[PDB]
Amino acid sequence: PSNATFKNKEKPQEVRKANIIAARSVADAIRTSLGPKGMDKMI
Amino acid sequence: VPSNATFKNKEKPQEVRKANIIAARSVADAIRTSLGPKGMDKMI
Amino acid sequence: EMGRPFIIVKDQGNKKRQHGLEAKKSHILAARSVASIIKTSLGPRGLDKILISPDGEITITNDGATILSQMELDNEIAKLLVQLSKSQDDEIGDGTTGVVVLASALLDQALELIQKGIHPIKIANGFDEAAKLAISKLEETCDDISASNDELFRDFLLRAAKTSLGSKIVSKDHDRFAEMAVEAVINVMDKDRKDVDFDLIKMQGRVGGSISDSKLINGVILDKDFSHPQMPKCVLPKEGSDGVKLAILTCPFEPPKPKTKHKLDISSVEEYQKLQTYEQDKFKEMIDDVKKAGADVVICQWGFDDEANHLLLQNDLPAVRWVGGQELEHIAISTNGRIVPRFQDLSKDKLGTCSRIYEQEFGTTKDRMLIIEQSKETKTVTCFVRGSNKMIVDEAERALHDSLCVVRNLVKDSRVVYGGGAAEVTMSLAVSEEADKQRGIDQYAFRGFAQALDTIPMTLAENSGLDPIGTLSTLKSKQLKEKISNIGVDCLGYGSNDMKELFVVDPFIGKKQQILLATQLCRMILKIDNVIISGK
Amino acid sequence: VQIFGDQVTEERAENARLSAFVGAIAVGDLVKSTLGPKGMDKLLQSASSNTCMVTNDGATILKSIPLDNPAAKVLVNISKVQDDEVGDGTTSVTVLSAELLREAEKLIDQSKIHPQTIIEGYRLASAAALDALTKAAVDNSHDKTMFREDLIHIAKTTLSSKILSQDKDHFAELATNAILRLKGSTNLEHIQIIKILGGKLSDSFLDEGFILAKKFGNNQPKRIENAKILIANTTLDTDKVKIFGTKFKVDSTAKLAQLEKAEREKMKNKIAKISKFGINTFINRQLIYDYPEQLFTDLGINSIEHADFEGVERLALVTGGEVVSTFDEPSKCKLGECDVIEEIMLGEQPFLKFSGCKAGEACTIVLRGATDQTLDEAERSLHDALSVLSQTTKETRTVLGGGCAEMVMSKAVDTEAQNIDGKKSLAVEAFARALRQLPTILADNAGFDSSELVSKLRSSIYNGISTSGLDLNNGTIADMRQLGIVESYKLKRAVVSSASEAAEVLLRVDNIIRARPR
Amino acid sequence: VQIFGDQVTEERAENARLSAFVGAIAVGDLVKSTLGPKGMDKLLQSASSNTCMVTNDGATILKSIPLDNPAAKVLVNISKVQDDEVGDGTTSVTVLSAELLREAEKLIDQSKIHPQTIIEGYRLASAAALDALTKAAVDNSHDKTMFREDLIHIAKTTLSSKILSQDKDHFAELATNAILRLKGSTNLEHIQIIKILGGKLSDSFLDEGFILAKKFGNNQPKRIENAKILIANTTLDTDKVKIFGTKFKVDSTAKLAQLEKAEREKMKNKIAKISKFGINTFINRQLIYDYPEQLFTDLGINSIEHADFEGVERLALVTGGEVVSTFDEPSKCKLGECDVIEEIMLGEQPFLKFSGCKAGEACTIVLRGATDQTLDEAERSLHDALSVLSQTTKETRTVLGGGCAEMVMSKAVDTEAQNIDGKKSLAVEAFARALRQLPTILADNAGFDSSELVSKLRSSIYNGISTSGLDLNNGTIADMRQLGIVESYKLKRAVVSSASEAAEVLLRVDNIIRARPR
Ligand SMILES: Nc1ncnc2c1ncn2[C@@H]1O[C@H](COP(=O)(O)OP(=O)(O)O)[C@@H](O)[C@H]1O
Ligand SMILES: Nc1ncnc2c1ncn2[C@@H]1O[C@H](COP(=O)(O)OP(=O)(O)O)[C@@H](O)[C@H]1O
Ligand SMILES: Nc1ncnc2c1ncn2[C@@H]1O[C@H](COP(=O)(O)OP(=O)(O)O)[C@@H](O)[C@H]1O
Ligand SMILES: [Mg+2]
Ligand SMILES: [Mg+2]
Ligand SMILES: [Mg+2]
């Protein structure tokens, strides 16, 4: 309860959340290209 | 004799008092020439 | 104006003119801004200051010569104080922070006299006469230490060393710094104890380790390593030897070629085959001339081609490449050798002699540096300084450099004084006593010079957290009751205001220049009337 | 009257002392979370080329991030010196030197202590801290078995703060054997690190030999047994002789063909002298053209080109041979010996592997990683571990880690604070509380208590037990001798000396002057 | 995803907090030098109109200085609330509320305590601090001799920090007699303060009767013996006829001449009803036209016009009469009497002086100074002193000041802190050390070592002697009963309550959302 450590920093856990969102957004772009039913990507 | 008692902090007020005296004496220098019967008028 | 443009000088509106009392007030306040900066760093209780260069490099020092050198200013009066401390560091090398405080103290007392209606030349005439009365008074009080032998003469060098080492960063090691600074002059000096050569002592800094690793090494320290490092790092002499027979060569190892541009025409195969044998015969001849002379380590200015890497490896001859021309002069002095211009002039008498040649690993990677040691007293002493910060390795150079400037001044005969504010108080009461006898219009001139000398002892009480009024009143009352001039301000607070028991010693030639540089500079400043400053 | 020019920033007052102390707080707080095996890595955003760099070391983080505060540049320089001197502890120096300013800030503000008094307080406090580590140092160099075992425990402590803390048990022997191969050599440029992308992180191995990325030129076989390796530095390709003032005066092209043919005769005569050694392999650091390479085909001699000079010294120490030029004299020249030479392939690039070499003075480390960021981290993680173990062969004294060494020094600091009296007692005791922060941050990164857990370690030492330490795995007090947590004595003195000297820098600055940028 | 918008500044977690802590430090350091009798005054220069103000009050400094920090306005509002309810101690509230955050800043950092846990520590600490301060109070007003002497000691303590501190010995009687003449009614509307240039500060004298700057009529004499004073709410002016809302319909100008004459006889009959009272003096709230003024000369009636809203009640209470409107019934509104109505002159502006009235329920204070900067502070110096002396009439509980009250409250905090288990006990001890910061600054502004004076005062109270305090003149520990330093209980209770609640607000902020400024 009151004896717990507050750690003073909620930033480290918020930085990882912003890193996972941008990482999953890149993996979700090529998701439609997987398998024989995948689609080509023109760059 | 050193290292004991107290050490002065925030010395800016020492400079602020000097800046206030120097600026006040500069104003007193222009009016100083008007002192006495030999003084001159100041046109503003 | 009459309606036509009136321009006497090009860039009329750009340049400005100052005259009257406003021109004098701007010059005094310009020195007060510089003084209050230097007064904080004066004394062993002073504090350093960060100097930011336009290129991003930083410098931390309390030295008035270094602070003002890298300081970018505008007003020319403050720029005159820059060369004031530069004049003190170039010649004497000690008391750079005292000449700025003393000069501004003369200007502060002169501003009060100008407001009273005194002509500026009459103020400058009073400071010149009062400067010679203070120097002649302190010259009679000091005593000659030259009567002591060489055993006691080393003690006086240790006394003035510990004083100059204070007030600067890394002042905890001053005990060992004072010992190493004196031993450099003990090794390098004339037999008559006169006119010692300072250029024979080089200051070589190194970044790494800790300050406790600083030690004296007599020899040459080079940044270049052994070429083709298949040879052992530490070179040892032969069983019996006269020495290591160090060789110095300003000529690279190459087949002889004309200095002028030449054209070698080969008209046949037979002429080309002779060039093949002529090529290898020279590299075999150059390595034999060194072996016949008994030399071991060969030093080359321009280096040599990879052909001689294995050639000098077979004969076990260490070699270095790309050694600077200035370092070659430093090498021949330590080993007492002679530079050999060519193999035809190579002899065993021109080879240098040193105790040992070796390299140190220093840190993890860094770079490889060569170290030379001497087996006896020589004319070369190289200072070795280490530190955990780049700023520490830098400031420690000029910290020991200024310490060597104090010792070389003591080499001059029959000049010594005791510091700690005892010199300024003794010379202050001598000037104030003459003011009562002379009277006249110059009576107020000696008062301004006497009050200016007391500013240095009062500044020492500010950094130590003392009362400048109670400290100055004690020093003045002591000189009137007794003739002992050795009582002064103690910023370390060990008691015993007598300087004889505290061992603090300063060169008289350094304190004499402080009055001359401060008085003669204020004489020029007080003569300035019209100030013309062009726009940048 | 302003003596300074335009756009000149200076603080002569409290703003200067405030900016100097707070400037070190942001530097200390940046590397604070990177201290300990539970610390987290930091990310660096490059201003150009968009090259990301992830490193736990504080030396790279401080040098990469631009800092315009001079108070910050002092903590950056001491980290570069700590990396270049010992090779490890760059974060510990920055944190410890920052905590010295934290305790010195409250003495000037609250306690009203003179700045030099705080500086003179650390002088007598650091003397007791360095003497406390001397009596706690144990020299195991008298036994080769106990000395080799200590090299493994030191590697486990250094590799724990990096990403290798999971596999550090497998990598402790690889880093220990690599130092034993050097036989006391402190030079780390003799060990090659080849980073390979892909595979498991635990697949990193250390071969006995020299692994060269270069391959044979054209027709040389991949695998050959009983091959004598020779190294030649100079020329042997289209030799220019020496002087540049040589020319060919030709009356008719019939004679010109004989002059160029004589150049090929010089090449054939030089290769013919190489065959007199009886070597199956030849290596040139300079690249070899097609004409001289074909001469090795009939002689059965291998050829290798484009070898870097820093790899030549590494190669010469593996084969135990000698660099040979001026082939006229075979007697004074020495060649290297190798049992078998095979060309392998790791990933897409084939490599040249050596095995059964006579001399072990140099080796080559191969690393495996999932990303190049882990590869750059794996090389820097071993560079910090191999640097401490290299200095251990020189100075064999060791001191226990895990919060023990920091608290033992604070025991001698509190003793000297009573005899000094004066106002320095607050400055001396401030140095002891600054030593509490290093084991405290170890518990902060692991999510532990910063008060009761530290008090248990402090009360255990004053009872007569000097072997007590902090255990971050179980979150309690454990013995450091059993857990095998120990560091070099040179690392302990370097952190205390560098932080004490760096703290004396900013405390001496009353005024900060900033010139107009260029 | 940015939901808020463009140009929206927001801070979260460790970024959100430490914005409130630095804000309290920047605000607390401004009023830190103004605390105590040796404190230094602060000059405030406006960005427009070039108006400067010299003030020692912490509330007036924070209102003038623009602050965009949301946490800075927290310390500004509590300075206004402390100024609204009491008027003194606004500097101590800003400092004490800032010291609570400075101590709590290290609680979350060093000891790792949750912010809400620290709030629970102040709740138990403030409850024990108010109980110890209440028991230390001494009952007052039971004796009229001791009640008057205690008011003199309060005025000397409040004016000690003001520029009046040199002349406050003579000003203790100036501010005391103004409260006793109020007859229990607490208002500052009844006390007039007039600024006069010239002379010295100690030339300020107490006004017997009521003095207000006015002017006599043109034909009216200056001095009248035993004059009757009346105040009229209604003004003598053209009233139209009665109800307004009308205009005259004139068929022939023969009736128009007698029409304007009828309006002249209406105001003439109104003065005839006023003359039935037999008054020698008349006072109106608004400007009087020249026509009714001539009727006062033949009847021997003084005239005073352009009376401020505050001047109506100030004059009516001193004379004892009440404001008359209809004038119809002579028996009602019995009027007082003034001995001397003769007007005097102070400086270049003559001031109407009254003497020998029936009631002293309203007062007037004359102040003389060299510059308006001193006169602006001289009014605010007495305004803070008269506010506490007025609140002391209704609230008789008083306590000892001079740094003693803060130390006595901290004694009970450390007593109950030993019986509180858990991590919240560290926040309780932080409240006790925060109470010791107020007497610590008292020694810093006086040029004396704070570590020596606070340590001797802290250990002296634990011995059982609660009368010990700080003496800034001799720089030692002296008794507060002998020095005569007494402060009201309402003053010290408002400082502890406002500072403890203000620090609780900023510790509850984990996020700050700044909208785009208009
Ligand atoms: N340890 C000391 N004890 C007494 N006086 C000292 C001591 N160190 C320096 N001083 C005095 O302080 C003055 C300034 O010395 P310092 O600032 O160290 O170098 P510089 O003379 O170049 O300014 C000297 O004149 C000297 O008399
Ligand atoms: N298993 C463990 N238990 C307790 N402490 C440990 C353990 N592993 C490492 N440590 C401690 O964590 C610290 C890691 O410090 P480190 O981050 O390497 O500092 P730097 O980066 O400056 O070298 C070491 O000083 C060590 O004492
Ligand atoms: N003559 C005095 N001697 C010692 N302490 C004093 C004296 N006068 C005032 N103080 C102390 O100064 C503090 C501030 O007083 P005051 O100026 O009334 O409040 P503020 O500074 O908040 O406006 C009080 O807590 C009191 O203890
Ligand atoms: Mg010096
Ligand atoms: Mg490490
Ligand atoms: Mg007050």
# chains A, B, ... in the order shown; residues from 1 in each chain; ligands from 1

$ residues_around --residues "residue 40 in chain A" --least-positions-apart "4" --cutoff "12 Å" --atoms "only C-alpha atoms" --output "number ranges by chain"
A: 29-36

$ write_last_selection --atoms "C-alpha atoms" --output "PDB file, in the first residue's frame"
ATOM      1  CA  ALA A  29       1.678  -3.231 -43.722  1.00  0.00           C
ATOM      2  CA  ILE A  30       3.299  -6.413 -45.079  1.00  0.00           C
ATOM      3  CA  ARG A  31       0.646  -8.614 -43.433  1.00  0.00           C
ATOM      4  CA  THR A  32      -1.363  -8.673 -46.672  1.00  0.00           C
ATOM      5  CA  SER A  33       1.716  -9.941 -48.567  1.00  0.00           C
ATOM      6  CA  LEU A  34       2.035 -13.233 -46.648  1.00  0.00           C
ATOM      7  CA  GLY A  35       1.184 -16.543 -48.284  1.00  0.00           C
ATOM      8  CA  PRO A  36       0.227 -17.558 -51.824  1.00  0.00           C
TER       9      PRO A  36
END

$ select_by_dssp --residues "range 35-164 of chain E" --states "strand (DSSP E or B)" --output "ChimeraX atom specification"
/E:42-45,52-55,138

$ interface_residues --of "chain B" --to "chain D" --cutoff "8 Å" --atoms "only C-alpha atoms" --output "NGL selection string"
:B and (3-12)

$ residues_around --residues "residue 73 in chain E" --least-positions-apart "4" --cutoff "10 Å" --atoms "only C-alpha atoms" --output "list in words"
residues 23, 24, 27, 62, 63, 66, 67, 68, 69, 77, 78 and 79 of chain E

$ residues_near_ligand --ligand "ligand 6" --cutoff "7 Å" --atoms "only C-alpha atoms and all ligand atoms" --output "ChimeraX atom specification"
/E:57,88-91,158,161

$ closest_atom_pairs --of "chain C" --to "ligand 4" --cutoff "7 Å" --atoms "only C-alpha atoms and all ligand atoms" --output "Markdown table"
| residue | atom | partner | partner_atom_place_in_ligand_line | distance |
| --- | --- | --- | --- | --- |
| C:94 | CA | ligand 4 | 1 (Mg) | 5.0 |
| C:95 | CA | ligand 4 | 1 (Mg) | 5.3 |
| C:163 | CA | ligand 4 | 1 (Mg) | 7.0 |
| C:164 | CA | ligand 4 | 1 (Mg) | 4.1 |
| C:165 | CA | ligand 4 | 1 (Mg) | 6.8 |
| C:402 | CA | ligand 4 | 1 (Mg) | 6.9 |

$ write_last_selection --atoms "N, CA and C atoms" --output "tab-separated table (two decimals), in the first residue's frame"
chain	number	residue	atom	x	y	z
C	94	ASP	N	54.25	35.58	-12.83
C	94	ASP	CA	53.58	35.45	-11.55
C	94	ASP	C	52.93	36.78	-11.19
C	95	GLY	N	51.79	36.70	-10.52
C	95	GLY	CA	51.06	37.90	-10.13
C	95	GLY	C	50.24	38.52	-11.23
C	163	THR	N	53.61	28.48	-2.57
C	163	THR	CA	52.75	29.65	-2.62
C	163	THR	C	52.13	29.84	-4.00
C	164	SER	N	52.93	29.68	-5.06
C	164	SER	CA	52.41	29.84	-6.41
C	164	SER	C	51.49	28.70	-6.81
C	165	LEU	N	51.66	27.52	-6.20
C	165	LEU	CA	50.81	26.38	-6.52
C	165	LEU	C	49.40	26.53	-5.97
C	402	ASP	N	53.67	28.32	-14.36
C	402	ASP	CA	53.82	29.51	-13.52
C	402	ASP	C	54.64	29.21	-12.28

$ interface_residues --of "chain D" --to "chain C" --cutoff "6 Å" --atoms "only C-alpha atoms" --output "ChimeraX atom specification"
/D:3-5,77-78,81,84-87,234,245-250,259,325,498,508-509,511-515,517-518

$ write_last_selection --atoms "N, CA and C atoms" --output "PDB file, in the first residue's frame"
ATOM      1  N   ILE D   3      31.586  45.989 -21.071  1.00  0.00           N
ATOM      2  CA  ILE D   3      32.876  45.762 -21.713  1.00  0.00           C
ATOM      3  C   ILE D   3      32.790  44.641 -22.743  1.00  0.00           C
ATOM      4  N   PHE D   4      31.869  43.700 -22.561  1.00  0.00           N
ATOM      5  CA  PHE D   4      31.738  42.574 -23.472  1.00  0.00           C
ATOM      6  C   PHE D   4      30.977  42.974 -24.729  1.00  0.00           C
ATOM      7  N   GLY D   5      31.243  42.254 -25.812  1.00  0.00           N
ATOM      8  CA  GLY D   5      30.588  42.510 -27.075  1.00  0.00           C
ATOM      9  C   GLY D   5      29.140  42.052 -27.069  1.00  0.00           C
ATOM     10  N   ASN D  77      33.923  14.637 -20.460  1.00  0.00           N
ATOM     11  CA  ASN D  77      35.352  14.402 -20.639  1.00  0.00           C
ATOM     12  C   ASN D  77      35.860  13.312 -19.705  1.00  0.00           C
ATOM     13  N   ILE D  78      35.388  13.300 -18.455  1.00  0.00           N
ATOM     14  CA  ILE D  78      35.818  12.273 -17.515  1.00  0.00           C
ATOM     15  C   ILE D  78      35.309  10.896 -17.918  1.00  0.00           C
ATOM     16  N   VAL D  81      37.809   9.754 -20.687  1.00  0.00           N
ATOM     17  CA  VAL D  81      39.066   9.324 -20.082  1.00  0.00           C
ATOM     18  C   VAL D  81      38.897   7.963 -19.419  1.00  0.00           C
ATOM     19  N   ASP D  84      38.984   5.403 -22.157  1.00  0.00           N
ATOM     20  CA  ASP D  84      40.291   5.245 -22.781  1.00  0.00           C
ATOM     21  C   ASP D  84      41.349   4.709 -21.826  1.00  0.00           C
ATOM     22  N   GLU D  85      41.186   4.908 -20.517  1.00  0.00           N
ATOM     23  CA  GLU D  85      42.195   4.464 -19.545  1.00  0.00           C
ATOM     24  C   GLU D  85      41.927   3.030 -19.094  1.00  0.00           C
ATOM     25  N   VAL D  86      40.903   2.840 -18.263  1.00  0.00           N
ATOM     26  CA  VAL D  86      40.594   1.502 -17.767  1.00  0.00           C
ATOM     27  C   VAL D  86      39.800   0.712 -18.799  1.00  0.00           C
ATOM     28  N   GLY D  87      38.829   1.352 -19.447  1.00  0.00           N
ATOM     29  CA  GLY D  87      37.969   0.689 -20.400  1.00  0.00           C
ATOM     30  C   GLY D  87      36.595   0.330 -19.880  1.00  0.00           C
ATOM     31  N   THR D 234      55.733  -5.213 -48.461  1.00  0.00           N
ATOM     32  CA  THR D 234      56.059  -4.196 -49.453  1.00  0.00           C
ATOM     33  C   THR D 234      55.866  -4.675 -50.888  1.00  0.00           C
ATOM     34  N   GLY D 245      62.366   9.738 -60.750  1.00  0.00           N
ATOM     35  CA  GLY D 245      63.001  10.399 -61.871  1.00  0.00           C
ATOM     36  C   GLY D 245      63.554   9.447 -62.911  1.00  0.00           C
ATOM     37  N   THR D 246      63.065   8.211 -62.921  1.00  0.00           N
ATOM     38  CA  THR D 246      63.502   7.210 -63.883  1.00  0.00           C
ATOM     39  C   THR D 246      62.550   7.173 -65.074  1.00  0.00           C
ATOM     40  N   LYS D 247      63.124   7.087 -66.271  1.00  0.00           N
ATOM     41  CA  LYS D 247      62.362   7.054 -67.511  1.00  0.00           C
ATOM     42  C   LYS D 247      63.056   6.124 -68.496  1.00  0.00           C
ATOM     43  N   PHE D 248      62.335   5.765 -69.554  1.00  0.00           N
ATOM     44  CA  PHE D 248      62.848   4.883 -70.597  1.00  0.00           C
ATOM     45  C   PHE D 248      63.028   5.693 -71.875  1.00  0.00           C
ATOM     46  N   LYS D 249      64.279   5.850 -72.303  1.00  0.00           N
ATOM     47  CA  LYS D 249      64.596   6.504 -73.569  1.00  0.00           C
ATOM     48  C   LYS D 249      64.693   5.426 -74.640  1.00  0.00           C
ATOM     49  N   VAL D 250      63.766   5.452 -75.594  1.00  0.00           N
ATOM     50  CA  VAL D 250      63.598   4.378 -76.565  1.00  0.00           C
ATOM     51  C   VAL D 250      63.786   4.946 -77.964  1.00  0.00           C
ATOM     52  N   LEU D 259      62.296  -3.705 -72.796  1.00  0.00           N
ATOM     53  CA  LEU D 259      62.347  -3.014 -71.511  1.00  0.00           C
ATOM     54  C   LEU D 259      61.167  -3.402 -70.630  1.00  0.00           C
ATOM     55  N   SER D 325      60.669  -9.222 -45.711  1.00  0.00           N
ATOM     56  CA  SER D 325      60.971  -8.557 -46.970  1.00  0.00           C
ATOM     57  C   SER D 325      62.446  -8.795 -47.275  1.00  0.00           C
ATOM     58  N   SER D 498      38.561   9.781 -10.297  1.00  0.00           N
ATOM     59  CA  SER D 498      38.031  10.623 -11.365  1.00  0.00           C
ATOM     60  C   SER D 498      36.846  11.451 -10.884  1.00  0.00           C
ATOM     61  N   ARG D 508      34.661  25.082  -8.212  1.00  0.00           N
ATOM     62  CA  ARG D 508      35.559  26.228  -8.248  1.00  0.00           C
ATOM     63  C   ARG D 508      35.111  27.310  -9.220  1.00  0.00           C
ATOM     64  N   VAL D 509      33.965  27.152  -9.873  1.00  0.00           N
ATOM     65  CA  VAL D 509      33.518  28.094 -10.893  1.00  0.00           C
ATOM     66  C   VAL D 509      32.443  28.984 -10.285  1.00  0.00           C
ATOM     67  N   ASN D 511      31.898  32.053 -11.935  1.00  0.00           N
ATOM     68  CA  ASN D 511      31.446  32.802 -13.098  1.00  0.00           C
ATOM     69  C   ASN D 511      31.596  31.959 -14.355  1.00  0.00           C
ATOM     70  N   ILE D 512      30.578  32.003 -15.211  1.00  0.00           N
ATOM     71  CA  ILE D 512      30.575  31.294 -16.486  1.00  0.00           C
ATOM     72  C   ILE D 512      30.453  32.330 -17.594  1.00  0.00           C
ATOM     73  N   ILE D 513      31.434  32.354 -18.492  1.00  0.00           N
ATOM     74  CA  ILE D 513      31.487  33.309 -19.592  1.00  0.00           C
ATOM     75  C   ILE D 513      31.305  32.548 -20.897  1.00  0.00           C
ATOM     76  N   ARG D 514      30.341  32.983 -21.707  1.00  0.00           N
ATOM     77  CA  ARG D 514      30.030  32.348 -22.983  1.00  0.00           C
ATOM     78  C   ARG D 514      30.288  33.347 -24.104  1.00  0.00           C
ATOM     79  N   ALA D 515      31.293  33.064 -24.928  1.00  0.00           N
ATOM     80  CA  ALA D 515      31.581  33.900 -26.082  1.00  0.00           C
ATOM     81  C   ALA D 515      30.552  33.665 -27.183  1.00  0.00           C
ATOM     82  N   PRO D 517      28.976  32.433 -30.405  1.00  0.00           N
ATOM     83  CA  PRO D 517      29.307  31.252 -31.209  1.00  0.00           C
ATOM     84  C   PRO D 517      29.834  31.631 -32.586  1.00  0.00           C
ATOM     85  N   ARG D 518      30.594  30.710 -33.168  1.00  0.00           N
ATOM     86  CA  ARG D 518      31.191  30.922 -34.481  1.00  0.00           C
ATOM     87  C   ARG D 518      30.612  29.950 -35.503  1.00  0.00           C
TER      88      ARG D 518
END

$ residues_around --residues "residue 345 in chain C" --least-positions-apart "6" --cutoff "12 Å" --atoms "only C-alpha atoms" --output "ChimeraX atom specification"
/C:249,289-290,293,338-339,351

$ residues_near_ligand --ligand "ligand 3" --cutoff "9 Å" --atoms "only C-alpha atoms and all ligand atoms" --output "ChimeraX atom specification"
/E:31-32,34-39,56-59,87-95,154,156-162,165,384-385,400-406,438-439,442,469-473,480,483-487,491-492,495

$ closest_atom_pairs --of "chain D" --to "chain E" --cutoff "9 Å" --atoms "only C-alpha atoms" --output "JSON lines"
{"residue": "D:110", "atom": "CA", "partner": "E:440", "partner_atom": "CA", "distance": 8.7}
{"residue": "D:111", "atom": "CA", "partner": "E:451", "partner_atom": "CA", "distance": 6.6}
{"residue": "D:112", "atom": "CA", "partner": "E:449", "partner_atom": "CA", "distance": 7.9}
{"residue": "D:437", "atom": "CA", "partner": "E:110", "partner_atom": "CA", "distance": 8.8}
{"residue": "D:440", "atom": "CA", "partner": "E:110", "partner_atom": "CA", "distance": 8.7}
{"residue": "D:444", "atom": "CA", "partner": "E:112", "partner_atom": "CA", "distance": 8.7}
{"residue": "D:449", "atom": "CA", "partner": "E:112", "partner_atom": "CA", "distance": 7.3}
{"residue": "D:450", "atom": "CA", "partner": "E:111", "partner_atom": "CA", "distance": 5.7}
{"residue": "D:451", "atom": "CA", "partner": "E:111", "partner_atom": "CA", "distance": 5.8}

$ write_last_selection --atoms "N, CA and C atoms" --output "CSV table (one decimal), in the first residue's frame"
chain,number,residue,atom,x,y,z
D,110,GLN,N,21.8,25.4,2.0
D,110,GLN,CA,21.2,25.3,3.4
D,110,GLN,C,22.3,25.5,4.4
D,111,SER,N,23.3,24.7,4.5
D,111,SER,CA,24.3,24.7,5.5
D,111,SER,C,25.2,25.9,5.4
D,112,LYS,N,25.2,26.6,4.3
D,112,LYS,CA,26.0,27.8,4.1
D,112,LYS,C,27.5,27.5,4.3
D,437,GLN,N,24.7,6.4,-2.7
D,437,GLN,CA,23.9,6.5,-3.9
D,437,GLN,C,24.2,5.4,-4.9
D,440,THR,N,22.4,2.4,-3.9
D,440,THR,CA,21.0,2.7,-3.8
D,440,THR,C,20.4,2.7,-5.2
D,444,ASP,N,17.2,0.7,-7.1
D,444,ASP,CA,16.1,1.5,-7.8
D,444,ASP,C,15.8,1.0,-9.1
D,449,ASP,N,13.5,-1.3,-2.5
D,449,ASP,CA,13.4,-0.1,-1.6
D,449,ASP,C,14.8,0.5,-1.5
D,450,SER,N,14.8,1.9,-1.4
D,450,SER,CA,16.0,2.6,-1.4
D,450,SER,C,16.4,3.0,0.0
D,451,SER,N,15.7,2.6,1.0
D,451,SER,CA,16.0,3.0,2.4
D,451,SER,C,16.3,1.7,3.3

$ residues_near_ligand --ligand "ligand 1" --cutoff "8 Å" --atoms "only C-alpha atoms and all ligand atoms" --output "JSON, numbers by chain"
{"C": [41, 42, 43, 44, 46, 62, 63, 64, 93, 94, 95, 96, 97, 98, 162, 163, 164, 165, 166, 167, 168, 402, 418, 419, 420, 421, 422, 460, 488, 489, 490, 491, 492, 499, 502, 504, 505, 506, 511]}

$ interface_residues --of "chain A" --to "chain D" --cutoff "12 Å" --atoms "only C-alpha atoms" --output "MDAnalysis selection string"
chainID A and resid 3:9 11:13 15:16 19

$ write_last_selection --atoms "C-alpha atoms" --output "mmCIF file, in the first residue's frame"
data_model
loop_
_atom_site.group_PDB
_atom_site.id
_atom_site.type_symbol
_atom_site.label_atom_id
_atom_site.label_comp_id
_atom_site.auth_asym_id
_atom_site.auth_seq_id
_atom_site.Cartn_x
_atom_site.Cartn_y
_atom_site.Cartn_z
ATOM 1 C CA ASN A 3 4.949 1.395 1.643
ATOM 2 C CA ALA A 4 5.253 0.624 -2.083
ATOM 3 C CA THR A 5 7.901 2.235 -4.281
ATOM 4 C CA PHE A 6 6.550 4.887 -6.650
ATOM 5 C CA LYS A 7 9.714 4.714 -8.834
ATOM 6 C CA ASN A 8 9.175 8.390 -9.763
ATOM 7 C CA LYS A 9 9.261 7.566 -13.496
ATOM 8 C CA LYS A 11 8.192 7.665 -18.748
ATOM 9 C CA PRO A 12 10.078 4.362 -19.334
ATOM 10 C CA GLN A 13 6.810 2.435 -19.682
ATOM 11 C CA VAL A 15 8.309 5.175 -24.259
ATOM 12 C CA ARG A 16 7.962 1.429 -24.841
ATOM 13 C CA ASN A 19 7.810 2.030 -29.748
#
